[PDB]
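Take a look at the letters that make up each chain.
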Amino acid sequence: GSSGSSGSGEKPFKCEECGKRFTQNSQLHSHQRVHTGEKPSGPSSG
Ligand SMILES: [Zn+2]
């Protein structure tokens, strides 16, 4: 990995949760969900 991402293009939307970015809100708001616990209810060890 050498200067893989120097810095080209800015995004008006950034996921404060982790720090992601998007060109539109719909995208960010659609990703933030990943932080809002995205797992199927089913507590069991087995
Ligand atoms: Zn995020």
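Residues numbered from 1 in each chain as written, not as in the entry; some residues may be left out. Heavy atoms only, no water.

As summarised from the PDB record, the model derives from solution NMR.

A. Summary view of the coordination of the zinc ion. Donor atoms from the polypeptide that bind the zinc ion are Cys15 (SG), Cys18 (SG), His31 (NE2) and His35 (NE2), placed at 2.3 Å. Spacing between the donor residues of the zinc ion along their common chain follows C-x2-C-x12-H-x3-H. Pair noted here: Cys18 is in the loop between β1 (13-15) and β2 (20-22) and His31 is in helix α1 (residues 25-31), with a separation of 13 residues, a long-range link. (Donors = N, O, S within 2.8 Å, 3.2 Å for Na, K, Ca; no water. Helix = DSSP H or I, 4+ residues; strand = E, 2+ residues; numbered from the N terminus.)

B. Inspection of the environment of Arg33 at higher detail. Tracing the backbone through its elements, the reader meets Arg33 in the segment after α1. Of the residues examined, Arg33 reaches a relative accessible area of 53% and is grouped as exposed. In this structure, the C-alpha to C-alpha distance between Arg33 and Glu17, residues 16 residues apart in sequence, is 9.9 Å. Ignoring anything within four residues of it in the chain, the contact list for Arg33 reads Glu17 and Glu38. (Buried < 20%, exposed > 50% of the residue type's maximum accessible area, 1.4 Å probe, protein only. Contact = heavy atoms within 4.5 Å.)

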